[PDB]
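Okay, so here's just one chain, in structure tokens, the form deposited without inosinic acid (IMP).
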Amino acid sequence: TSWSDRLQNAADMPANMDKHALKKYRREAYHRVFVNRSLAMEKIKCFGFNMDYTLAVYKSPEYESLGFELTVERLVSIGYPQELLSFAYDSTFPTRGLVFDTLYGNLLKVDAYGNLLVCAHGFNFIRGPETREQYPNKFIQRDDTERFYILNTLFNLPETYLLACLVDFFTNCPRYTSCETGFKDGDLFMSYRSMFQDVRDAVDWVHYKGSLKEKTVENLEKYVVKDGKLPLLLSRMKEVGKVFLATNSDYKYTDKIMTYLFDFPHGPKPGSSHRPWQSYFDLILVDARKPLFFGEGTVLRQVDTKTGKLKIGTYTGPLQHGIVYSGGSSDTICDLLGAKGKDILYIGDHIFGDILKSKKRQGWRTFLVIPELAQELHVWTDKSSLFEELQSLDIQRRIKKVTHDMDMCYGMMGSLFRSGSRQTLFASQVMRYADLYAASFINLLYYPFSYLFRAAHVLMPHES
């Protein structure tokens, strides 16, 4: 059962908007919105969205496997060995948020302070004492971005697994000699760093010059979750405020995806006339170039929605009905919608490019969609006995074993949010920058128009 199976199962349900049903529905962990900082929904005047893995939730593991296959094909096309074609995407290996160390070719799971929680070289998991040879303080400086790449996004899940596949392959292939920082093949030396660069280049190519989008839009039922409650929630948001889209994708792809997301024989509710997806938005902006978008951005352009090309020139006019923007900056949104940052709830899936940056640079309110939570919540509740035992032991060898047993329930790289009793960097960033979070933003449907999301005030140790 993948997290997208859970999402699609809930997506298939019709909305029962009886007040008592909603209040009961939201109490269930899977339909709940979780709260890091208090947020009064009545103060929100604009609801903003990205598209990928928020509105358009790509099905798992089908989409990751497609991106993996095309990335492998691209690497082989540029001269990587044929054996790469025998790889096959394995969703049980990668957890999101791992750090690839380009010096030693390791995938690392770290806490918020750069402490090592898991270390794998290829598919070999390196235990604590053996990591000290390469990591004498069991620690990395995360912000050394020349050395470390943090595989933060759901789009990074295939390349997370591919990196481990490649290290595994070159390590065990007799044509190559394993060295500390790469692989030697006679008069050729491939460092883990140049390997990583090829992989990054190939992933980028697949998404922006290859056939990934084309293969996606030709079989949208295979690749994209569809939920009839999406138009209902957006229509209700538009009754009490403004709704905008700000996506890094271009207009042609956005139009294809959004048209599918709204392709029902009805509008917001069953029995209502169907409405075009654009009608649900007060402002539509593509080619956003987040996170640069939240600083100086790029020049504001207008999409010719007939041809899908940009009109020539910087757009200097006002917000018009039916206009579609390209580029610009977050100030564009604020000026055109007459909003200040704390009036905006921005709903995204990119912990860095959507949530961290809109919070820190603009003071927007933030809703982080975490698709894997749809399944991790089930593992967390089903295996709570493991965690509680671990808590009790905390109050050594038994600790490591329960930690391992708990973690393996999530996959070979453990929970997105912890390893045993130790929280991941990703978990710490969710708590710090996401005001609200959930497996899907659809869970906002089950809360009244002026709900007060509440979180406990924080006290320092000397204040307790």
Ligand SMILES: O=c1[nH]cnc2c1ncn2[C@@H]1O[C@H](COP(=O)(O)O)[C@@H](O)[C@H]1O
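Position 1 is the first residue in the sequence shown; the rest follow in order.
Heads up, the form deposited with inosinic acid (IMP) bound isn't pictured, but that's what we're talking about next.
Comment: 208-216 is the region of 173-181, 71-79, 208-216, 327-335 lying near inosinic acid (IMP) in the deposited bound form, near meaning a non-hydrogen atom within 4.5 Å. When you look in the deposited bound form, the only residue of 95, 247, 366, 106 with a non-hydrogen atom within 4.5 Å of inosinic acid (IMP) is 247. Though inosinic acid (IMP) is absent from this view, in the deposited bound form it lies within 4.5 Å of a heavy atom of just one residue from 155, 262, 135, 380, which is 155. Shown alone here, residue 204 lies within 4.5 Å of inosinic acid (IMP) in the deposited bound form, counting heavy atoms only. Although the partner is absent from this view, residue 349 contacts inosinic acid (IMP) in the deposited bound form, with a non-hydrogen atom inside 4.5 angstroms. At the 4.5 Å threshold, heavy atoms of residue 50 reach inosinic acid (IMP) in the deposited bound form. When contacts are judged by a 4.5 Å heavy atom cut-off, residue 242 does not count as touching inosinic acid (IMP) in the deposited bound form.
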